[PDB]
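Okay, query.cif now, which holds mmCIF, C-alpha atoms and all ligand atoms; chains and numbers go by the auth columns:
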data_protein
loop_
_atom_site.group_PDB
_atom_site.id
_atom_site.type_symbol
_atom_site.label_atom_id
_atom_site.label_comp_id
_atom_site.label_asym_id
_atom_site.label_seq_id
_atom_site.Cartn_x
_atom_site.Cartn_y
_atom_site.Cartn_z
_atom_site.B_iso_or_equiv
_atom_site.auth_seq_id
_atom_site.auth_asym_id
ATOM 1 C CA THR A 1 126.706 10.730 207.347 0.00 5 A
ATOM 2 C CA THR A 2 130.456 11.149 206.821 0.00 6 A
ATOM 3 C CA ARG A 3 130.820 14.896 206.161 0.00 7 A
ATOM 4 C CA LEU A 4 131.186 17.834 208.530 0.00 8 A
ATOM 5 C CA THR A 5 128.209 20.124 209.074 0.00 9 A
ATOM 6 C CA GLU A 6 127.674 23.009 206.661 0.00 10 A
ATOM 7 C CA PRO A 7 128.256 25.795 209.246 0.00 11 A
ATOM 8 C CA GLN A 8 131.396 23.990 210.416 0.00 12 A
ATOM 9 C CA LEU A 9 132.571 23.705 206.811 0.00 13 A
ATOM 10 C CA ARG A 10 131.913 27.406 206.185 0.00 14 A
ATOM 11 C CA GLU A 11 133.831 28.411 209.317 0.00 15 A
ATOM 12 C CA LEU A 12 136.724 26.122 208.367 0.00 16 A
ATOM 13 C CA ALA A 13 136.826 27.584 204.854 0.00 17 A
ATOM 14 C CA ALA A 14 136.793 31.130 206.244 0.00 18 A
ATOM 15 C CA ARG A 15 139.614 30.372 208.684 0.00 19 A
ATOM 16 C CA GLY A 16 141.647 28.654 205.974 0.00 20 A
ATOM 17 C CA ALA A 17 141.228 31.566 203.571 0.00 21 A
ATOM 18 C CA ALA A 18 142.174 34.061 206.285 0.00 22 A
ATOM 19 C CA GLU A 19 145.173 32.189 207.713 0.00 23 A
ATOM 20 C CA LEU A 20 146.658 30.940 204.414 0.00 24 A
ATOM 21 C CA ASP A 21 146.676 34.370 202.751 0.00 25 A
ATOM 22 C CA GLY A 22 149.630 34.409 200.377 0.00 26 A
ATOM 23 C CA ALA A 23 150.827 30.899 201.228 0.00 27 A
ATOM 24 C CA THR A 24 152.556 28.428 198.939 0.00 28 A
ATOM 25 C CA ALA A 25 150.751 25.468 197.388 0.00 29 A
ATOM 26 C CA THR A 26 152.557 22.969 199.615 0.00 30 A
ATOM 27 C CA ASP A 27 151.511 24.941 202.708 0.00 31 A
ATOM 28 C CA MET A 28 147.868 24.853 201.598 0.00 32 A
ATOM 29 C CA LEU A 29 148.077 21.108 200.962 0.00 33 A
ATOM 30 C CA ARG A 30 149.671 20.544 204.378 0.00 34 A
ATOM 31 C CA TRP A 31 146.876 22.547 206.011 0.00 35 A
ATOM 32 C CA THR A 32 144.253 20.538 204.115 0.00 36 A
ATOM 33 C CA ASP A 33 145.901 17.265 205.154 0.00 37 A
ATOM 34 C CA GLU A 34 146.156 18.300 208.806 0.00 38 A
ATOM 35 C CA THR A 35 142.529 19.456 208.887 0.00 39 A
ATOM 36 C CA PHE A 36 140.894 16.604 206.935 0.00 40 A
ATOM 37 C CA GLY A 37 143.306 13.699 207.444 0.00 41 A
ATOM 38 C CA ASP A 38 141.711 11.156 209.782 0.00 42 A
ATOM 39 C CA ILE A 39 138.151 10.307 210.862 0.00 43 A
ATOM 40 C CA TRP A 40 145.230 5.506 203.307 0.00 56 A
ATOM 41 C CA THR A 41 141.855 5.551 201.550 0.00 57 A
ATOM 42 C CA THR A 42 140.408 6.433 204.973 0.00 58 A
ATOM 43 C CA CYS A 43 141.022 10.072 203.998 0.00 59 A
ATOM 44 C CA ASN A 44 138.476 12.888 204.225 0.00 60 A
ATOM 45 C CA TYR A 45 139.694 15.043 201.324 0.00 61 A
ATOM 46 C CA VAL A 46 140.193 14.230 197.647 0.00 62 A
ATOM 47 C CA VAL A 47 142.045 15.742 194.688 0.00 63 A
ATOM 48 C CA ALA A 48 140.611 16.278 191.199 0.00 64 A
ATOM 49 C CA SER A 49 142.865 16.193 188.135 0.00 65 A
ATOM 50 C CA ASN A 50 141.984 16.335 184.435 0.00 66 A
ATOM 51 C CA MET A 51 145.117 14.247 183.682 0.00 67 A
ATOM 52 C CA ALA A 52 146.812 17.028 181.715 0.00 68 A
ATOM 53 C CA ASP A 53 149.886 16.932 183.984 0.00 69 A
ATOM 54 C CA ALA A 54 150.934 15.488 187.338 0.00 70 A
ATOM 55 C CA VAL A 55 151.855 18.773 189.055 0.00 71 A
ATOM 56 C CA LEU A 56 149.028 18.834 191.599 0.00 72 A
ATOM 57 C CA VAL A 57 149.193 15.036 191.835 0.00 73 A
ATOM 58 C CA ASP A 58 152.910 15.126 192.652 0.00 74 A
ATOM 59 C CA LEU A 59 152.380 17.883 195.225 0.00 75 A
ATOM 60 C CA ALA A 60 149.537 16.017 196.947 0.00 76 A
ATOM 61 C CA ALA A 61 151.517 12.763 196.966 0.00 77 A
ATOM 62 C CA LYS A 62 154.560 14.519 198.441 0.00 78 A
ATOM 63 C CA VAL A 63 152.357 15.993 201.172 0.00 79 A
ATOM 64 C CA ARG A 64 150.170 12.872 201.592 0.00 80 A
ATOM 65 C CA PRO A 65 151.210 9.545 200.044 0.00 81 A
ATOM 66 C CA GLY A 66 148.376 7.273 199.016 0.00 82 A
ATOM 67 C CA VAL A 67 146.044 10.267 198.698 0.00 83 A
ATOM 68 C CA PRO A 68 142.890 9.618 196.631 0.00 84 A
ATOM 69 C CA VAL A 69 142.478 11.429 193.318 0.00 85 A
ATOM 70 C CA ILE A 70 139.364 11.331 191.130 0.00 86 A
ATOM 71 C CA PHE A 71 139.242 11.421 187.334 0.00 87 A
ATOM 72 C CA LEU A 72 135.945 12.093 185.540 0.00 88 A
ATOM 73 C CA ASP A 73 135.837 9.441 182.801 0.00 89 A
ATOM 74 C CA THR A 74 133.087 10.873 180.606 0.00 90 A
ATOM 75 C CA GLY A 75 133.782 8.183 177.991 0.00 91 A
ATOM 76 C CA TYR A 76 134.597 10.834 175.365 0.00 92 A
ATOM 77 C CA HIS A 77 138.221 11.120 176.512 0.00 93 A
ATOM 78 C CA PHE A 78 141.273 10.833 174.297 0.00 94 A
ATOM 79 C CA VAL A 79 143.187 7.573 174.492 0.00 95 A
ATOM 80 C CA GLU A 80 146.214 9.655 175.494 0.00 96 A
ATOM 81 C CA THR A 81 144.292 11.038 178.483 0.00 97 A
ATOM 82 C CA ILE A 82 143.444 7.540 179.734 0.00 98 A
ATOM 83 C CA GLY A 83 147.058 6.528 179.136 0.00 99 A
ATOM 84 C CA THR A 84 148.243 9.483 181.210 0.00 100 A
ATOM 85 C CA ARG A 85 145.768 8.519 183.941 0.00 101 A
ATOM 86 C CA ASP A 86 147.108 4.953 184.039 0.00 102 A
ATOM 87 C CA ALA A 87 150.708 6.197 184.000 0.00 103 A
ATOM 88 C CA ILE A 88 150.064 8.568 186.910 0.00 104 A
ATOM 89 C CA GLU A 89 148.312 5.790 188.838 0.00 105 A
ATOM 90 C CA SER A 90 151.317 3.505 188.324 0.00 106 A
ATOM 91 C CA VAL A 91 154.133 5.990 188.982 0.00 107 A
ATOM 92 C CA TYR A 92 152.830 8.216 191.769 0.00 108 A
ATOM 93 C CA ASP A 93 151.749 7.010 195.214 0.00 109 A
ATOM 94 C CA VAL A 94 148.106 7.901 194.611 0.00 110 A
ATOM 95 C CA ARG A 95 144.826 5.975 194.813 0.00 111 A
ATOM 96 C CA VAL A 96 143.050 6.860 191.565 0.00 112 A
ATOM 97 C CA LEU A 97 139.265 6.608 191.240 0.00 113 A
ATOM 98 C CA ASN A 98 137.665 6.504 187.781 0.00 114 A
ATOM 99 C CA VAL A 99 134.376 8.344 188.294 0.00 115 A
ATOM 100 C CA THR A 100 132.016 7.171 185.544 0.00 116 A
ATOM 101 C CA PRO A 101 128.374 8.176 184.987 0.00 117 A
ATOM 102 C CA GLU A 102 125.664 5.603 185.603 0.00 118 A
ATOM 103 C CA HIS A 103 124.833 5.531 181.871 0.00 119 A
ATOM 104 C CA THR A 104 127.459 4.649 179.273 0.00 120 A
ATOM 105 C CA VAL A 105 127.957 6.535 176.015 0.00 121 A
ATOM 106 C CA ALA A 106 125.791 4.117 174.019 0.00 122 A
ATOM 107 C CA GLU A 107 123.062 4.154 176.676 0.00 123 A
ATOM 108 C CA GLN A 108 122.937 7.962 176.688 0.00 124 A
ATOM 109 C CA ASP A 109 122.949 8.011 172.877 0.00 125 A
ATOM 110 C CA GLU A 110 119.981 5.633 172.885 0.00 126 A
ATOM 111 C CA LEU A 111 118.060 7.438 175.634 0.00 127 A
ATOM 112 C CA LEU A 112 118.448 11.065 174.496 0.00 128 A
ATOM 113 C CA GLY A 113 119.925 10.833 170.990 0.00 129 A
ATOM 114 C CA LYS A 114 123.400 10.207 169.614 0.00 130 A
ATOM 115 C CA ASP A 115 126.062 12.892 170.108 0.00 131 A
ATOM 116 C CA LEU A 116 124.375 14.850 172.882 0.00 132 A
ATOM 117 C CA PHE A 117 127.488 17.050 173.064 0.00 133 A
ATOM 118 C CA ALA A 118 126.522 18.544 169.692 0.00 134 A
ATOM 119 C CA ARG A 119 122.883 19.306 170.553 0.00 135 A
ATOM 120 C CA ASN A 120 123.072 20.242 174.266 0.00 136 A
ATOM 121 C CA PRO A 121 126.657 20.525 175.537 0.00 137 A
ATOM 122 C CA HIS A 122 125.511 22.024 178.846 0.00 138 A
ATOM 123 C CA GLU A 123 123.266 19.022 179.500 0.00 139 A
ATOM 124 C CA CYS A 124 126.021 16.633 178.395 0.00 140 A
ATOM 125 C CA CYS A 125 128.438 18.231 180.869 0.00 141 A
ATOM 126 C CA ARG A 126 125.802 18.207 183.616 0.00 142 A
ATOM 127 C CA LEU A 127 125.015 14.520 183.069 0.00 143 A
ATOM 128 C CA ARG A 128 128.539 13.145 182.582 0.00 144 A
ATOM 129 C CA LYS A 129 130.683 15.604 184.584 0.00 145 A
ATOM 130 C CA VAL A 130 128.747 17.595 187.191 0.00 146 A
ATOM 131 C CA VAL A 131 126.349 14.946 188.519 0.00 147 A
ATOM 132 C CA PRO A 132 128.956 12.140 188.901 0.00 148 A
ATOM 133 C CA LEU A 133 131.375 14.603 190.499 0.00 149 A
ATOM 134 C CA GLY A 134 128.693 15.600 192.995 0.00 150 A
ATOM 135 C CA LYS A 135 127.748 11.990 193.709 0.00 151 A
ATOM 136 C CA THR A 136 131.418 11.220 194.384 0.00 152 A
ATOM 137 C CA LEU A 137 132.075 14.315 196.514 0.00 153 A
ATOM 138 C CA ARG A 138 129.326 13.237 198.923 0.00 154 A
ATOM 139 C CA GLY A 139 131.217 12.018 201.981 0.00 155 A
ATOM 140 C CA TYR A 140 134.241 14.310 201.627 0.00 156 A
ATOM 141 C CA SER A 141 134.630 17.582 203.514 0.00 157 A
ATOM 142 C CA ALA A 142 137.071 19.319 201.146 0.00 158 A
ATOM 143 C CA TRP A 143 138.390 18.884 197.615 0.00 159 A
ATOM 144 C CA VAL A 144 141.532 20.215 195.939 0.00 160 A
ATOM 145 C CA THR A 145 141.606 21.593 192.395 0.00 161 A
ATOM 146 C CA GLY A 146 144.383 22.630 190.040 0.00 162 A
ATOM 147 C CA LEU A 147 142.588 25.801 189.009 0.00 163 A
ATOM 148 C CA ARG A 148 144.817 28.734 188.062 0.00 164 A
ATOM 149 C CA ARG A 149 143.597 32.325 187.867 0.00 165 A
ATOM 150 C CA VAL A 150 145.220 32.740 184.428 0.00 166 A
ATOM 151 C CA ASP A 151 142.905 30.148 182.849 0.00 167 A
ATOM 152 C CA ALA A 152 140.346 32.839 181.969 0.00 168 A
ATOM 153 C CA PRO A 153 139.714 36.532 182.696 0.00 169 A
ATOM 154 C CA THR A 154 136.629 35.478 184.676 0.00 170 A
ATOM 155 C CA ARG A 155 138.781 33.334 186.999 0.00 171 A
ATOM 156 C CA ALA A 156 141.139 36.159 188.008 0.00 172 A
ATOM 157 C CA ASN A 157 139.582 36.357 191.498 0.00 173 A
ATOM 158 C CA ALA A 158 139.724 32.611 192.184 0.00 174 A
ATOM 159 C CA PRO A 159 140.016 32.233 195.981 0.00 175 A
ATOM 160 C CA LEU A 160 142.699 30.137 197.635 0.00 176 A
ATOM 161 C CA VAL A 161 140.260 28.498 200.072 0.00 177 A
ATOM 162 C CA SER A 162 136.492 28.946 199.873 0.00 178 A
ATOM 163 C CA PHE A 163 133.191 27.100 200.294 0.00 179 A
ATOM 164 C CA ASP A 164 132.039 25.650 196.975 0.00 180 A
ATOM 165 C CA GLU A 165 128.282 26.249 196.891 0.00 181 A
ATOM 166 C CA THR A 166 127.689 23.912 193.942 0.00 182 A
ATOM 167 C CA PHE A 167 128.833 20.865 195.943 0.00 183 A
ATOM 168 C CA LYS A 168 128.591 22.543 199.387 0.00 184 A
ATOM 169 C CA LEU A 169 132.063 21.827 200.756 0.00 185 A
ATOM 170 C CA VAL A 170 135.517 23.340 201.177 0.00 186 A
ATOM 171 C CA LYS A 171 137.367 24.086 197.926 0.00 187 A
ATOM 172 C CA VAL A 172 141.140 24.645 197.858 0.00 188 A
ATOM 173 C CA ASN A 173 143.039 25.989 194.824 0.00 189 A
ATOM 174 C CA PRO A 174 146.780 25.680 195.550 0.00 190 A
ATOM 175 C CA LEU A 175 147.811 26.486 191.964 0.00 191 A
ATOM 176 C CA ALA A 176 145.704 29.666 191.874 0.00 192 A
ATOM 177 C CA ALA A 177 148.610 32.113 192.131 0.00 193 A
ATOM 178 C CA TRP A 178 150.696 30.038 189.702 0.00 194 A
ATOM 179 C CA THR A 179 151.569 31.283 186.215 0.00 195 A
ATOM 180 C CA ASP A 180 152.533 29.530 182.991 0.00 196 A
ATOM 181 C CA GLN A 181 156.226 30.086 183.738 0.00 197 A
ATOM 182 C CA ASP A 182 155.691 28.701 187.254 0.00 198 A
ATOM 183 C CA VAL A 183 154.130 25.440 186.072 0.00 199 A
ATOM 184 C CA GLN A 184 156.745 25.182 183.305 0.00 200 A
ATOM 185 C CA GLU A 185 159.627 25.473 185.778 0.00 201 A
ATOM 186 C CA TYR A 186 157.992 22.986 188.155 0.00 202 A
ATOM 187 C CA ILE A 187 157.433 20.484 185.318 0.00 203 A
ATOM 188 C CA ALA A 188 161.127 20.835 184.505 0.00 204 A
ATOM 189 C CA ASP A 189 162.407 20.574 188.088 0.00 205 A
ATOM 190 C CA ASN A 190 160.403 17.465 189.033 0.00 206 A
ATOM 191 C CA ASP A 191 160.255 15.483 185.744 0.00 207 A
ATOM 192 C CA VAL A 192 156.496 15.054 186.127 0.00 208 A
ATOM 193 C CA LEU A 193 154.410 13.231 183.534 0.00 209 A
ATOM 194 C CA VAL A 194 152.632 15.352 180.917 0.00 210 A
ATOM 195 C CA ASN A 195 149.802 14.331 178.608 0.00 211 A
ATOM 196 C CA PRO A 196 151.268 13.749 175.114 0.00 212 A
ATOM 197 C CA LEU A 197 148.603 15.889 173.429 0.00 213 A
ATOM 198 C CA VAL A 198 149.929 18.962 175.255 0.00 214 A
ATOM 199 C CA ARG A 199 153.124 18.521 173.234 0.00 215 A
ATOM 200 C CA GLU A 200 151.042 18.172 170.046 0.00 216 A
ATOM 201 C CA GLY A 201 149.637 21.706 170.123 0.00 217 A
ATOM 202 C CA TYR A 202 146.925 21.453 172.789 0.00 218 A
ATOM 203 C CA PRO A 203 146.878 24.054 175.588 0.00 219 A
ATOM 204 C CA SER A 204 143.976 22.381 177.420 0.00 220 A
ATOM 205 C CA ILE A 205 142.769 18.771 177.343 0.00 221 A
ATOM 206 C CA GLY A 206 139.158 17.677 177.735 0.00 222 A
ATOM 207 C CA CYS A 207 136.647 15.486 175.967 0.00 223 A
ATOM 208 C CA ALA A 208 137.597 14.673 172.383 0.00 224 A
ATOM 209 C CA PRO A 209 134.507 16.187 170.658 0.00 225 A
ATOM 210 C CA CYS A 210 134.664 19.387 172.756 0.00 226 A
ATOM 211 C CA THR A 211 138.384 20.247 172.494 0.00 227 A
ATOM 212 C CA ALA A 212 139.547 22.958 170.095 0.00 228 A
ATOM 213 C CA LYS A 213 141.724 21.365 167.424 0.00 229 A
ATOM 214 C CA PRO A 214 144.749 23.335 166.114 0.00 230 A
HETATM 215 N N1 LIG B . 137.726 15.682 183.463 0.00 1 B
HETATM 216 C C1 LIG B . 138.189 16.228 184.735 0.00 1 B
HETATM 217 N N2 LIG B . 138.451 15.180 185.498 0.00 1 B
HETATM 218 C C2 LIG B . 138.905 15.363 186.763 0.00 1 B
HETATM 219 N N3 LIG B . 139.094 16.612 187.241 0.00 1 B
HETATM 220 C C3 LIG B . 138.828 17.680 186.466 0.00 1 B
HETATM 221 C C4 LIG B . 138.378 17.503 185.219 0.00 1 B
HETATM 222 N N4 LIG B . 138.195 18.708 184.671 0.00 1 B
HETATM 223 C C5 LIG B . 138.531 19.627 185.579 0.00 1 B
HETATM 224 N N5 LIG B . 138.920 18.994 186.692 0.00 1 B
HETATM 225 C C6 LIG B . 139.280 20.065 187.644 0.00 1 B
HETATM 226 O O1 LIG B . 139.152 21.315 186.997 0.00 1 B
HETATM 227 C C7 LIG B . 140.453 21.952 186.887 0.00 1 B
HETATM 228 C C8 LIG B . 140.554 22.677 185.571 0.00 1 B
HETATM 229 O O2 LIG B . 139.294 23.189 185.162 0.00 1 B
HETATM 230 P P1 LIG B . 139.068 23.701 183.671 0.00 1 B
HETATM 231 O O3 LIG B . 139.444 25.171 183.652 0.00 1 B
HETATM 232 O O4 LIG B . 137.585 23.583 183.346 0.00 1 B
HETATM 233 O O5 LIG B . 139.831 22.752 182.770 0.00 1 B
HETATM 234 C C9 LIG B . 141.442 20.814 187.096 0.00 1 B
HETATM 235 O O6 LIG B . 142.718 21.259 187.521 0.00 1 B
HETATM 236 C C10 LIG B . 140.726 19.938 188.114 0.00 1 B
HETATM 237 O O7 LIG B . 140.825 20.499 189.413 0.00 1 B
HETATM 238 S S1 LIG B . 133.082 18.274 177.349 0.00 2 B
HETATM 239 FE FE1 LIG B . 131.585 17.810 175.696 0.00 2 B
HETATM 240 S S2 LIG B . 131.560 15.532 175.584 0.00 2 B
HETATM 241 FE FE2 LIG B . 132.555 16.066 177.563 0.00 2 B
HETATM 242 S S3 LIG B . 130.845 16.044 179.066 0.00 2 B
HETATM 243 FE FE3 LIG B . 131.036 18.198 178.342 0.00 2 B
HETATM 244 S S4 LIG B . 129.569 18.338 176.606 0.00 2 B
HETATM 245 FE FE4 LIG B . 129.880 16.115 177.006 0.00 2 B
#
Please rewrite the model in this file as structure tokens.
Amino acid sequence: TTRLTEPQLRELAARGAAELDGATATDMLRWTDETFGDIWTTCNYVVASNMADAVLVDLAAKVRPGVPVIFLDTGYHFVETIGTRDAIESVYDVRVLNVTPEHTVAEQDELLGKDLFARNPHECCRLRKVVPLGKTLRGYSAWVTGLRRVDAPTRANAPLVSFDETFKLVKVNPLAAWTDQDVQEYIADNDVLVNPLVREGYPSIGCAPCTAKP
């Protein structure tokens, strides 16, 4: 009742992908803000960040202060990740939303067995990450992700702007064309907060039981 129609969203995603071909991340964020601004938590587009660094958060706040950003609090997070989330909420001009599943960790352990991540990690991710993310994305017309094509060989064709079929709405990846050197230089130039575990030999940060230890 507060999202654009699916054909309208598909046409908007097509036009955005065609017009923003080879554009910078700030240009894509400006286009997203101009297209989904009104009709500062009265915004119609949200940003998703795993709280590994405040690059995308800083960019979105510089293009749109008070922008909302969601963080999927699966309950299995590192204490450093929650600390980084709180620090980003305090420093940057961003409205943070802690998306939590309807069932806590103890409730899920009681209902389907303790340590579901060990027995069915796909179902654990679907219950604590995918379903709450979908329930939160209802009402927004577009979402912004910090996905980079260098994350995996299967992500090499990650589109700049597209229509996410899983959640059925516009998906924008400003950091797609970015490389490791690019994010490094940006981190340097803007003095943006970084999760402390990244310094302690952790390329990617996720849930504590499902993160590869060095
Ligand atoms: N726990 C999370 N909480 C909030 N956003 C996330 C989370 N995980 C991934 N995202 C989104 O997914 C991107 C990275 O995906 P991945 O390659 O699975 O780590 C991030 O830049 C965000 O756009
Ligand atoms: S990363 Fe592991 S603990 Fe976190 S939701 Fe997915 S399966 Fe569960």
Contacts of region 76-86 of chain A within 6 Å, all atoms listed in the file, excl. fewer than 2 positions in-chain, as a ChimeraX atom specification
/A:56,62-64,73-74,109-113
Evaluating the PyMOL selection byres (((chain A and resi 135-143) around 10) and not hetatm) on the displayed file yields which residues, as a list in words?
residues 90, 117, 118, 119, 124, 129, 130, 131, 132, 133, 134, 144, 145, 146, 147, 148, 149, 223 and 226 of chain A
C-alpha atoms of the current selection, written as a PDB file, keeping the file's coordinate frame:
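Generated output (selection.pdb):
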ATOM      1  CA  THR A  90     133.087  10.873 180.606  1.00  0.00           C
ATOM      2  CA  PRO A 117     128.374   8.176 184.987  1.00  0.00           C
ATOM      3  CA  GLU A 118     125.664   5.603 185.603  1.00  0.00           C
ATOM      4  CA  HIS A 119     124.833   5.531 181.871  1.00  0.00           C
ATOM      5  CA  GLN A 124     122.937   7.962 176.688  1.00  0.00           C
ATOM      6  CA  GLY A 129     119.925  10.833 170.990  1.00  0.00           C
ATOM      7  CA  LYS A 130     123.400  10.207 169.614  1.00  0.00           C
ATOM      8  CA  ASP A 131     126.062  12.892 170.108  1.00  0.00           C
ATOM      9  CA  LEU A 132     124.375  14.850 172.882  1.00  0.00           C
ATOM     10  CA  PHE A 133     127.488  17.050 173.064  1.00  0.00           C
ATOM     11  CA  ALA A 134     126.522  18.544 169.692  1.00  0.00           C
ATOM     12  CA  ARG A 144     128.539  13.145 182.582  1.00  0.00           C
ATOM     13  CA  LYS A 145     130.683  15.604 184.584  1.00  0.00           C
ATOM     14  CA  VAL A 146     128.747  17.595 187.191  1.00  0.00           C
ATOM     15  CA  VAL A 147     126.349  14.946 188.519  1.00  0.00           C
ATOM     16  CA  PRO A 148     128.956  12.140 188.901  1.00  0.00           C
ATOM     17  CA  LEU A 149     131.375  14.603 190.499  1.00  0.00           C
ATOM     18  CA  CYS A 223     136.647  15.486 175.967  1.00  0.00           C
ATOM     19  CA  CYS A 226     134.664  19.387 172.756  1.00  0.00           C
TER      20      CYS A 226
END
Would you kindly translate the PyMOL selection byres (((chain A and resi 72) around 12) and not hetatm) into the concrete residues it picks from this file, as a ChimeraX atom specification?
/A:29-30,32-33,62-71,73-80,83,85,104,108,110,160-164,188-192,194,199,202-203,206,208-210
Selection in question (the file shown): the PyMOL selection byres (((chain A and resi 178-183) around 9) and not hetatm). Which residues does it include, as a PyMOL selection string?
chain A and resi 13-14+16-18+20-21+149-150+153-154+158+175-177+184-189
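Interatomic distance, CA of residue 39 (chain A) to atom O4 of ligand LIG 1 (chain B): 26.3 Å.
Interatomic distance, atom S2 of ligand LIG 2 (chain B) to CA of residue 225 (chain A): 5.8 Å.
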